[PDB]
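Just add 2 to wherever you are in the sequence shown, counting from 1, and you've got the entry's author numbering. To start, the structure itself, in structure tokens.
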Amino acid sequence: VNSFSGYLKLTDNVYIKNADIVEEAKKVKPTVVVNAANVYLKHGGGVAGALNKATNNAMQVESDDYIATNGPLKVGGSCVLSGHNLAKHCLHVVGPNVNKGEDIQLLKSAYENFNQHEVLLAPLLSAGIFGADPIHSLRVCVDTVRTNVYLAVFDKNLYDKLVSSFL
Ligand SMILES: Cc1[nH]c2ncnc(NC(=O)CC(C)(C)C)c2c1C
């Protein structure tokens with residue numbers, strides 16, 4: 003038993019809800035919140051911009067030190083950093099950005115990072131300003147993640163479409 007509330011159960015381990023991941027993180031304080039990151043950890047907009055704003059830019063400060071030491075992530079890769087006031091940890095995961103021309107096949111590799119964590123709160127990878135089809139992202143999530151994932155979908159209209167079309 004965990005503290006997530008109001009989710010629809012899609013499969014044995016995948017759950018979905020119309021919610022703002024920022025507000026959801028601030029209430030649940032999950033062990034792991036997933037950020038929709040880029041390889042430079044520049045958290046300017048989309049989910050990443052919103053999570054960082056909620057940390058009063060502390061996420062960005064930590065991220066800049068990480069990149070200065072380690073260099074950029076790989077598309078499809080991840081790193082674990084602090085969750086600041088939102089979660090114990092933040093798993094920064096880089097899904098392909100279609101608006102940059104990146105290979106959509108890398109979306110499965112991106113979701114594989116979730117399997118290193120028993121329970122996670124997450125957005126749909128590569129959705130939103132990353133340009134991928136969210137219905138496809140949900141399909142890849144369900145077919146790749148085996149640990150317990152709680153998906154927060156900000157847009158109410160998109161959520162209903164995701165549910166109604168889920169096979
Ligand atoms: C600030 C914020 N918070 C979120 N929490 C969960 N999911 C999110 N993204 C989407 O739902 C996909 C789109 C944007 C509807 C296509 C977001 C965003 C952009």
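Just so it is clear, CB atoms sit at the ideal spot from N, CA and C, and this is done for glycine as well.
One question on the structure: do residue 114 and residue 149 come within less than 7 Å of each other, judged by their Cβ atoms?
One-based indexing of the sequence shown puts residue 114 at position 112. One-based indexing of the sequence shown puts residue 149 at position 147. Not in contact: residue 114 and residue 149 (Cβ atoms no closer than 7 Å).
DSSP-derived helix/strand/coil call for residue 109:
Mapped onto the sequence shown, residue 109 falls at position 107. Here residue 109 sits in helix by DSSP.
Residue 107: buried (16+ other C-beta within 10 angstroms of its C-beta) or exposed?
Indexing the sequence shown from 1 puts residue 107 at position 105. By the neighbour-count rule (16 or more Cβ atoms within 10 Å), residue 107 is not buried but exposed.
Compare the Cα-Cα distances from residue 145 to each of 15, 104, 97 and report the closest residue.
Translated into positions along the sequence shown, residue 145 becomes position 143. Of 15, 104, 97, the residue nearest in Cα terms is 15.
Grab me the residues of residue 69's own chain with a C-beta within less than 8 Å of its C-beta, minus the 5 sequence neighbours each way, in chain order.
Position 67 of the sequence shown, counted from the start, is the residue given in the question as residue 69. If we look at residue 69 and ignore the five residues flanking it on each side, its Cβ neighbours are 42, 43.
Beta strand (DSSP E) containing residue 65: first to last residue?
Along the sequence shown, one-based indexing puts residue 65 at 63. Unbroken run through residue 65 is the alpha helix (DSSP H), 60-72; no beta strand (DSSP E).
Residue ranges of each beta strand (DSSP E) run of no fewer than 3 residues wholly in the segment 8-96, ordered along the chain?
16-20, 34-38, 80-84, 91-95
Would residue 94 pass as a contact of residue 59 if the rule is Cβ separation under 7 Å?
The count along the sequence shown starts at 1 and reaches residue 94 at position 92. The count along the sequence shown starts at 1 and reaches residue 59 at position 57. No, the Cβ-Cβ distance between residue 94 and residue 59 is not below 7 Å.
If I measure Cβ to Cβ from residue 2 and keep anything under 8 Å in the same chain, skipping five residues before and after, which residues do I get?
Since the displayed the chain opens at 3 and closes at 169, residue 2 lies outside it and no answer follows.
In terms of residue numbering, what span does the beta strand (DSSP E) encompassing residue 165 cover?
Walking along the sequence shown from the start, residue 165 turns up at place 163. Here residue 165 belongs to no beta strand (DSSP E); instead the alpha helix (DSSP H) covers 158-166.
Can you check whether the CB of residue 128 is closer than 7 Å to the CB of residue 97?
By 1-based counting over the sequence shown, the position of residue 97 is 95. By 1-based counting over the sequence shown, the position of residue 128 is 126. One thing to note: residue 97 has its Cβ within 7 Å of the Cβ of residue 128.
Backbone secondary structure at residue 123 - three-state DSSP
In the sequence shown, the residue the question calls residue 123 occupies position 121. Looking at residue 123 - three-state DSSP - the assignment turns out to be strand.
Is the Cβ-Cβ distance between residue 250 and residue 12 less than 7 Å?
For residue 250 there is no data in the structure shown, the boundaries of the chain being 3 and 169.
Helix or strand or just coil, what does DSSP make of residue 153?
For the purposes of this step, residue 153 is taken as the residue at position 151 of the sequence shown. In the structure shown, residue 153 sits in a strand (DSSP, three-state: E or B).
Residue 109 beta carbon near ligand 1 (any heavy atom closer than 6 Å)
Looking up residue 109 in the sequence shown gives position 107. No; taking the cut-off as 6 Å, the Cβ of residue 109 has no heavy atom of ligand 1 nearer than that.
Whole-Å CB distance - residue 19 paired with residue 155, under 8 Å assumed:
Residue numbering aside, residue 19 sits at position 17 when the sequence shown is read from its first letter. Residue numbering aside, residue 155 sits at position 153 when the sequence shown is read from its first letter. Residue 19 to residue 155, Cβ: 7 Å. Contact.
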